[PDB]
Structures are given as C-alpha cells and as structure tokens.
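Enquirer: Just one file: structure_28.pdb, with PDB, C-alpha atoms.
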```
ATOM      1  CA  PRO D   1     -84.174  50.486 -53.377  1.00  0.00           C
ATOM      2  CA  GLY D   2     -80.560  49.843 -54.366  1.00  0.00           C
ATOM      3  CA  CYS D   3     -77.951  52.244 -55.738  1.00  0.00           C
ATOM      4  CA  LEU D   4     -78.859  54.924 -53.198  1.00  0.00           C
ATOM      5  CA  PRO D   5     -77.489  58.455 -53.525  1.00  0.00           C
ATOM      6  CA  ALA D   6     -75.747  58.105 -50.163  1.00  0.00           C
ATOM      7  CA  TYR D   7     -74.467  54.645 -51.081  1.00  0.00           C
ATOM      8  CA  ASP D   8     -73.053  55.986 -54.345  1.00  0.00           C
ATOM      9  CA  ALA D   9     -71.197  58.794 -52.578  1.00  0.00           C
ATOM     10  CA  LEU D  10     -69.828  56.394 -49.965  1.00  0.00           C
ATOM     11  CA  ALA D  11     -68.876  53.875 -52.650  1.00  0.00           C
ATOM     12  CA  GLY D  12     -67.089  56.546 -54.681  1.00  0.00           C
ATOM     13  CA  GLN D  13     -65.048  57.707 -51.691  1.00  0.00           C
ATOM     14  CA  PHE D  14     -64.502  54.108 -50.598  1.00  0.00           C
ATOM     15  CA  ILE D  15     -62.996  53.096 -53.937  1.00  0.00           C
ATOM     16  CA  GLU D  16     -60.995  56.289 -54.440  1.00  0.00           C
ATOM     17  CA  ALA D  17     -59.406  55.806 -51.020  1.00  0.00           C
ATOM     18  CA  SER D  18     -56.198  53.782 -51.284  1.00  0.00           C
ATOM     19  CA  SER D  19     -55.535  52.919 -47.641  1.00  0.00           C
ATOM     20  CA  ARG D  20     -57.730  50.145 -46.251  1.00  0.00           C
ATOM     21  CA  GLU D  21     -57.703  51.912 -42.886  1.00  0.00           C
ATOM     22  CA  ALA D  22     -58.961  55.050 -44.621  1.00  0.00           C
ATOM     23  CA  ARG D  23     -61.665  52.938 -46.258  1.00  0.00           C
ATOM     24  CA  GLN D  24     -62.679  51.711 -42.809  1.00  0.00           C
ATOM     25  CA  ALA D  25     -62.806  55.316 -41.608  1.00  0.00           C
ATOM     26  CA  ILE D  26     -65.061  56.167 -44.549  1.00  0.00           C
ATOM     27  CA  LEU D  27     -67.394  53.306 -43.641  1.00  0.00           C
ATOM     28  CA  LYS D  28     -67.421  54.583 -40.061  1.00  0.00           C
ATOM     29  CA  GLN D  29     -68.329  58.065 -41.286  1.00  0.00           C
ATOM     30  CA  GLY D  30     -71.139  56.506 -43.313  1.00  0.00           C
ATOM     31  CA  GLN D  31     -72.406  54.732 -40.198  1.00  0.00           C
ATOM     32  CA  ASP D  32     -72.180  58.022 -38.306  1.00  0.00           C
ATOM     33  CA  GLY D  33     -74.153  59.849 -40.995  1.00  0.00           C
ATOM     34  CA  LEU D  34     -76.503  56.871 -41.234  1.00  0.00           C
ATOM     35  CA  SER D  35     -78.443  58.292 -38.290  1.00  0.00           C
ATOM     36  CA  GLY D  36     -79.319  61.296 -40.448  1.00  0.00           C
ATOM     37  CA  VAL D  37     -80.679  59.092 -43.232  1.00  0.00           C
ATOM     38  CA  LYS D  38     -84.414  58.691 -43.805  1.00  0.00           C
ATOM     39  CA  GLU D  39     -85.484  55.471 -42.104  1.00  0.00           C
ATOM     40  CA  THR D  40     -86.689  53.996 -45.394  1.00  0.00           C
ATOM     41  CA  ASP D  41     -83.248  54.498 -46.930  1.00  0.00           C
ATOM     42  CA  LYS D  42     -81.458  54.026 -43.609  1.00  0.00           C
ATOM     43  CA  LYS D  43     -82.300  50.335 -43.266  1.00  0.00           C
ATOM     44  CA  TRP D  44     -81.024  49.821 -46.809  1.00  0.00           C
ATOM     45  CA  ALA D  45     -77.868  51.896 -46.375  1.00  0.00           C
ATOM     46  CA  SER D  46     -77.110  49.996 -43.173  1.00  0.00           C
ATOM     47  CA  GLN D  47     -76.895  46.758 -45.151  1.00  0.00           C
ATOM     48  CA  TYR D  48     -74.959  48.493 -47.924  1.00  0.00           C
ATOM     49  CA  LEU D  49     -72.363  49.599 -45.384  1.00  0.00           C
ATOM     50  CA  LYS D  50     -71.958  45.949 -44.404  1.00  0.00           C
ATOM     51  CA  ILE D  51     -71.676  45.041 -48.085  1.00  0.00           C
ATOM     52  CA  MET D  52     -68.867  47.545 -48.632  1.00  0.00           C
ATOM     53  CA  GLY D  53     -67.236  46.145 -45.502  1.00  0.00           C
ATOM     54  CA  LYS D  54     -67.409  42.685 -47.068  1.00  0.00           C
ATOM     55  CA  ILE D  55     -65.907  44.160 -50.232  1.00  0.00           C
ATOM     56  CA  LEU D  56     -63.029  45.650 -48.246  1.00  0.00           C
ATOM     57  CA  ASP D  57     -62.306  42.327 -46.547  1.00  0.00           C
ATOM     58  CA  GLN D  58     -62.855  40.072 -49.550  1.00  0.00           C
ATOM     59  CA  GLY D  59     -61.172  42.368 -52.066  1.00  0.00           C
ATOM     60  CA  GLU D  60     -62.324  44.570 -54.937  1.00  0.00           C
ATOM     61  CA  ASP D  61     -63.105  41.513 -57.055  1.00  0.00           C
ATOM     62  CA  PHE D  62     -65.627  40.362 -54.453  1.00  0.00           C
ATOM     63  CA  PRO D  63     -68.466  42.557 -55.708  1.00  0.00           C
ATOM     64  CA  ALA D  64     -67.462  41.762 -59.286  1.00  0.00           C
ATOM     65  CA  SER D  65     -67.826  38.020 -58.722  1.00  0.00           C
ATOM     66  CA  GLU D  66     -70.998  38.562 -56.696  1.00  0.00           C
ATOM     67  CA  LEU D  67     -72.455  40.679 -59.497  1.00  0.00           C
ATOM     68  CA  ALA D  68     -71.794  37.848 -61.944  1.00  0.00           C
ATOM     69  CA  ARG D  69     -73.427  35.474 -59.464  1.00  0.00           C
ATOM     70  CA  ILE D  70     -76.501  37.706 -59.348  1.00  0.00           C
ATOM     71  CA  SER D  71     -76.744  37.591 -63.140  1.00  0.00           C
ATOM     72  CA  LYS D  72     -76.476  33.801 -63.011  1.00  0.00           C
ATOM     73  CA  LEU D  73     -79.233  33.679 -60.395  1.00  0.00           C
ATOM     74  CA  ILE D  74     -81.437  35.895 -62.560  1.00  0.00           C
ATOM     75  CA  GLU D  75     -80.993  33.471 -65.454  1.00  0.00           C
ATOM     76  CA  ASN D  76     -82.880  30.746 -63.593  1.00  0.00           C
ATOM     77  CA  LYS D  77     -86.252  29.554 -62.305  1.00  0.00           C
ATOM     78  CA  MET D  78     -86.670  32.330 -59.741  1.00  0.00           C
ATOM     79  CA  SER D  79     -89.869  33.828 -58.341  1.00  0.00           C
ATOM     80  CA  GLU D  80     -90.957  37.414 -58.982  1.00  0.00           C
ATOM     81  CA  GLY D  81     -89.869  38.411 -55.479  1.00  0.00           C
ATOM     82  CA  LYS D  82     -86.490  36.735 -55.961  1.00  0.00           C
ATOM     83  CA  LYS D  83     -86.051  38.475 -59.313  1.00  0.00           C
ATOM     84  CA  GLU D  84     -86.789  41.842 -57.709  1.00  0.00           C
ATOM     85  CA  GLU D  85     -84.234  41.217 -54.965  1.00  0.00           C
ATOM     86  CA  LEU D  86     -81.707  40.056 -57.557  1.00  0.00           C
ATOM     87  CA  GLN D  87     -82.227  43.240 -59.568  1.00  0.00           C
ATOM     88  CA  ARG D  88     -81.775  45.196 -56.343  1.00  0.00           C
ATOM     89  CA  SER D  89     -78.451  43.479 -55.666  1.00  0.00           C
ATOM     90  CA  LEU D  90     -77.541  43.965 -59.324  1.00  0.00           C
ATOM     91  CA  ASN D  91     -78.059  47.724 -59.091  1.00  0.00           C
ATOM     92  CA  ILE D  92     -76.106  47.855 -55.831  1.00  0.00           C
ATOM     93  CA  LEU D  93     -73.046  45.999 -57.110  1.00  0.00           C
ATOM     94  CA  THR D  94     -73.212  47.582 -60.562  1.00  0.00           C
ATOM     95  CA  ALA D  95     -73.300  51.034 -58.972  1.00  0.00           C
ATOM     96  CA  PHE D  96     -70.170  50.143 -57.008  1.00  0.00           C
ATOM     97  CA  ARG D  97     -68.364  48.865 -60.099  1.00  0.00           C
ATOM     98  CA  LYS D  98     -69.555  51.953 -61.965  1.00  0.00           C
ATOM     99  CA  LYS D  99     -67.822  54.150 -59.394  1.00  0.00           C
ATOM    100  CA  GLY D 100     -64.806  51.885 -59.858  1.00  0.00           C
ATOM    101  CA  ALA D 101     -64.823  52.565 -63.598  1.00  0.00           C
ATOM    102  CA  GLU D 102     -65.134  56.297 -62.943  1.00  0.00           C
ATOM    103  CA  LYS D 103     -62.302  56.148 -60.411  1.00  0.00           C
ATOM    104  CA  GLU D 104     -60.118  54.447 -63.017  1.00  0.00           C
ATOM    105  CA  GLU D 105     -61.037  57.108 -65.571  1.00  0.00           C
ATOM    106  CA  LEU D 106     -60.061  59.809 -63.080  1.00  0.00           C
TER
END
```
Can you dump the structure from the file as structure tokens?
Expert:
Amino acid sequence: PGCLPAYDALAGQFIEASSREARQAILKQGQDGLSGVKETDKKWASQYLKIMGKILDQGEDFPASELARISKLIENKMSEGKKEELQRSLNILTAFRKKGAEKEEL
C-alpha cells in the first residue's frame, strides 16, 4: 500500500529539486496527475502528497525522525492492524529516504 510507483517518482523529483517553490510545483503536478491515478492508489497517493508537503515544511529530517518513530512504535505492544499500518508508514518514509540516498549518490 505504501511506497507507490507514483509516490517514488514524485519523491525522487521532490528531493532532487533544490528550490522549495519548485518542490511545491512538483507536489502540485502530483495533485494534478492524481486524478489519473487508480482510485485504490489515488486515496493513498493523496495522503502521500500531504506527507511530502509536511516534509517540505518540517524539513528533510522530518521523515527521518518520523521513520525512527515508526520503528520505535513497532517495537511495542501494538495490535496486528497497528503493526501493518506502521509497516506501511515505514515503507513510505524509507522509500523517500532511499530516493534521498540515490539523489546524494547522483
């Protein structure tokens, strides 16, 4: 459910973009193309656009700290449903940071 193909492409372009205004434009283009996304993946990508928006506002260490927080939540007395959602968030934020690593390599 997380780490969607479209999300990965948007995350890659998001990170590679230097200007914050350009990053906003990229998020807008994602929202524009969102309408062409399969509903099942559209509802997810919609949230993921908001997540990348939160990353932009809160800085590139936001998703890094959140990812660590997800790991901490996983290492706890969580339900099966909570664990699944945590793994979802893990894949989302890890995918972002993966594109960050690739961007740095480039």
Enquirer: How far is it from CA of residue 84 (chain D) to CA of residue 31 (chain D), in Å with one decimal?
Expert: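 CA of residue 31 (chain D) lies 26.1 Å from CA of residue 84 (chain D).
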Enquirer: Closest to residue 3 (chain D) among D:100, D:79, D:45, D:27, using only C-alpha atoms?
Expert: D:45
Enquirer: Hey, can you check how far CA of residue 62 (chain D) sits from CA of residue 80 (chain D)?
Expert: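 Computed distance, CA of residue 62 (chain D) to CA of residue 80 (chain D), equals 25.9 Å.
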Enquirer: Env of residue 89 (chain D): 12 Å cut, atoms = all atoms listed in the file, seq-sep filter 2 positions within chain, self excluded. Answer as a ChimeraX atom specification.
Expert: /D:1-4,44,47-48,51,63-64,66-71,73-74,82-87,91-96
Enquirer: Scan for residues within 9 Å of the point (-59.3, 62.2, -57.1) in the coordinates of the file, using only C-alpha atoms, and reply as a PDB file with C-alpha atoms, keeping the file's coordinate frame.
Expert:
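The resulting file, point.pdb, is reproduced below:
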```pdb
ATOM      1  CA  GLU D  16     -60.995  56.289 -54.440  1.00  0.00           C
ATOM      2  CA  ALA D  17     -59.406  55.806 -51.020  1.00  0.00           C
ATOM      3  CA  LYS D 103     -62.302  56.148 -60.411  1.00  0.00           C
ATOM      4  CA  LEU D 106     -60.061  59.809 -63.080  1.00  0.00           C
TER       5      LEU D 106
END
```
Enquirer: Hey, can you check how far CA of residue 10 (chain D) sits from CA of residue 53 (chain D)?
Expert: 11.5 Å
Enquirer: Translate the PyMOL selection byres ((chain D and resi 56) around 12) into a concrete residue list for this structure, as an MDAnalysis selection string.
Expert: chainID D and resid 11 14:15 17:27 49:55 57:63
Enquirer: Would you output that residue set with C-alpha atoms, as a short mmCIF file (atom, residue, chain, number, x, y, z; two decimals), keeping the file's coordinate frame?
Expert:
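The resulting file, again_20.cif, is shown below:
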```cif
data_model
loop_
_atom_site.label_atom_id
_atom_site.label_comp_id
_atom_site.auth_asym_id
_atom_site.auth_seq_id
_atom_site.Cartn_x
_atom_site.Cartn_y
_atom_site.Cartn_z
CA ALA D 11 -68.88 53.88 -52.65
CA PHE D 14 -64.50 54.11 -50.60
CA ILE D 15 -63.00 53.10 -53.94
CA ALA D 17 -59.41 55.81 -51.02
CA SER D 18 -56.20 53.78 -51.28
CA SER D 19 -55.54 52.92 -47.64
CA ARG D 20 -57.73 50.14 -46.25
CA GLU D 21 -57.70 51.91 -42.89
CA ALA D 22 -58.96 55.05 -44.62
CA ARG D 23 -61.66 52.94 -46.26
CA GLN D 24 -62.68 51.71 -42.81
CA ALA D 25 -62.81 55.32 -41.61
CA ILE D 26 -65.06 56.17 -44.55
CA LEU D 27 -67.39 53.31 -43.64
CA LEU D 49 -72.36 49.60 -45.38
CA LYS D 50 -71.96 45.95 -44.40
CA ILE D 51 -71.68 45.04 -48.08
CA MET D 52 -68.87 47.54 -48.63
CA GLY D 53 -67.24 46.14 -45.50
CA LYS D 54 -67.41 42.68 -47.07
CA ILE D 55 -65.91 44.16 -50.23
CA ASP D 57 -62.31 42.33 -46.55
CA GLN D 58 -62.86 40.07 -49.55
CA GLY D 59 -61.17 42.37 -52.07
CA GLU D 60 -62.32 44.57 -54.94
CA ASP D 61 -63.10 41.51 -57.06
CA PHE D 62 -65.63 40.36 -54.45
CA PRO D 63 -68.47 42.56 -55.71
#
```
Enquirer: Padding 4 Å on every side, please: axis-aligned box over the listed atoms of region 74-81 of chain D, centre and edge lengths to one decimal in Å, as AutoDock Vina command-line options.
Expert:
```
--center_x -86.0 --center_y 34.0 --center_z -60.5 --size_x 18.0 --size_y 16.9 --size_z 18.0
```
Enquirer: Within 8 Å of (-75.3, 54.7, -42.2), in the coordinates the file gives, what residues turn up when you count all atoms listed in the file, written out as a PDB file with C-alpha atoms, keeping the file's coordinate frame?
Expert:
```pdb
ATOM      1  CA  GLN D  29     -68.329  58.065 -41.286  1.00  0.00           C
ATOM      2  CA  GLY D  30     -71.139  56.506 -43.313  1.00  0.00           C
ATOM      3  CA  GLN D  31     -72.406  54.732 -40.198  1.00  0.00           C
ATOM      4  CA  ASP D  32     -72.180  58.022 -38.306  1.00  0.00           C
ATOM      5  CA  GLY D  33     -74.153  59.849 -40.995  1.00  0.00           C
ATOM      6  CA  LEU D  34     -76.503  56.871 -41.234  1.00  0.00           C
ATOM      7  CA  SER D  35     -78.443  58.292 -38.290  1.00  0.00           C
ATOM      8  CA  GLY D  36     -79.319  61.296 -40.448  1.00  0.00           C
ATOM      9  CA  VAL D  37     -80.679  59.092 -43.232  1.00  0.00           C
ATOM     10  CA  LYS D  42     -81.458  54.026 -43.609  1.00  0.00           C
ATOM     11  CA  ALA D  45     -77.868  51.896 -46.375  1.00  0.00           C
ATOM     12  CA  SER D  46     -77.110  49.996 -43.173  1.00  0.00           C
ATOM     13  CA  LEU D  49     -72.363  49.599 -45.384  1.00  0.00           C
TER      14      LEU D  49
END
```
Enquirer: Reconstruct N, CA, C and O atoms of region 1-17 of chain D; output as an mmCIF file, in the frame of the given file.
Expert:
```
data_model
loop_
_atom_site.group_PDB
_atom_site.id
_atom_site.type_symbol
_atom_site.label_atom_id
_atom_site.label_comp_id
_atom_site.auth_asym_id
_atom_site.auth_seq_id
_atom_site.Cartn_x
_atom_site.Cartn_y
_atom_site.Cartn_z
ATOM 1 N N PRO D 1 -84.582 50.789 -54.743
ATOM 2 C CA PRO D 1 -84.174 50.486 -53.377
ATOM 3 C C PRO D 1 -82.658 50.398 -53.261
ATOM 4 O O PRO D 1 -82.082 50.758 -52.234
ATOM 5 N N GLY D 2 -82.016 49.917 -54.320
ATOM 6 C CA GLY D 2 -80.560 49.843 -54.366
ATOM 7 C C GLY D 2 -79.965 51.101 -54.984
ATOM 8 O O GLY D 2 -80.685 52.042 -55.315
ATOM 9 N N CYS D 3 -78.644 51.112 -55.137
ATOM 10 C CA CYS D 3 -77.951 52.244 -55.738
ATOM 11 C C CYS D 3 -78.466 53.565 -55.179
ATOM 12 O O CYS D 3 -78.903 54.439 -55.928
ATOM 13 N N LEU D 4 -78.411 53.704 -53.859
ATOM 14 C CA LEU D 4 -78.859 54.924 -53.198
ATOM 15 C C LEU D 4 -77.853 56.052 -53.383
ATOM 16 O O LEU D 4 -76.652 55.811 -53.512
ATOM 17 N N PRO D 5 -78.348 57.285 -53.394
ATOM 18 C CA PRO D 5 -77.489 58.455 -53.525
ATOM 19 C C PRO D 5 -76.367 58.433 -52.495
ATOM 20 O O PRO D 5 -75.202 58.654 -52.826
ATOM 21 N N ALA D 6 -76.724 58.165 -51.243
ATOM 22 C CA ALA D 6 -75.747 58.105 -50.163
ATOM 23 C C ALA D 6 -74.772 56.952 -50.365
ATOM 24 O O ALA D 6 -73.572 57.093 -50.135
ATOM 25 N N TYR D 7 -75.297 55.810 -50.797
ATOM 26 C CA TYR D 7 -74.467 54.645 -51.081
ATOM 27 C C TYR D 7 -73.459 54.943 -52.184
ATOM 28 O O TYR D 7 -72.304 54.526 -52.111
ATOM 29 N N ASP D 8 -73.905 55.666 -53.206
ATOM 30 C CA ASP D 8 -73.053 55.986 -54.345
ATOM 31 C C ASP D 8 -71.907 56.903 -53.937
ATOM 32 O O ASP D 8 -70.771 56.723 -54.374
ATOM 33 N N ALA D 9 -72.213 57.885 -53.096
ATOM 34 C CA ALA D 9 -71.197 58.794 -52.578
ATOM 35 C C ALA D 9 -70.187 58.054 -51.710
ATOM 36 O O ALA D 9 -68.981 58.276 -51.818
ATOM 37 N N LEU D 10 -70.686 57.174 -50.850
ATOM 38 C CA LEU D 10 -69.828 56.394 -49.965
ATOM 39 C C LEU D 10 -68.986 55.397 -50.753
ATOM 40 O O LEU D 10 -67.827 55.151 -50.422
ATOM 41 N N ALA D 11 -69.579 54.826 -51.796
ATOM 42 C CA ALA D 11 -68.876 53.875 -52.650
ATOM 43 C C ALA D 11 -67.777 54.561 -53.451
ATOM 44 O O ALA D 11 -66.693 54.008 -53.635
ATOM 45 N N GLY D 12 -68.063 55.768 -53.926
ATOM 46 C CA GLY D 12 -67.089 56.546 -54.681
ATOM 47 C C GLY D 12 -65.873 56.881 -53.828
ATOM 48 O O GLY D 12 -64.733 56.686 -54.251
ATOM 49 N N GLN D 13 -66.122 57.388 -52.625
ATOM 50 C CA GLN D 13 -65.048 57.707 -51.691
ATOM 51 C C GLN D 13 -64.318 56.449 -51.239
ATOM 52 O O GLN D 13 -63.094 56.439 -51.121
ATOM 53 N N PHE D 14 -65.079 55.389 -50.987
ATOM 54 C CA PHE D 14 -64.502 54.108 -50.598
ATOM 55 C C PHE D 14 -63.466 53.639 -51.612
ATOM 56 O O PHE D 14 -62.335 53.313 -51.252
ATOM 57 N N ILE D 15 -63.858 53.610 -52.880
ATOM 58 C CA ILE D 15 -62.996 53.096 -53.937
ATOM 59 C C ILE D 15 -61.795 54.008 -54.161
ATOM 60 O O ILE D 15 -60.666 53.539 -54.305
ATOM 61 N N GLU D 16 -62.047 55.312 -54.189
ATOM 62 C CA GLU D 16 -60.995 56.289 -54.440
ATOM 63 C C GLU D 16 -59.920 56.230 -53.362
ATOM 64 O O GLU D 16 -58.736 56.416 -53.642
ATOM 65 N N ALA D 17 -60.339 55.969 -52.129
ATOM 66 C CA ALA D 17 -59.406 55.806 -51.020
ATOM 67 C C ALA D 17 -58.486 54.613 -51.246
ATOM 68 O O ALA D 17 -58.944 53.515 -51.560
#
```
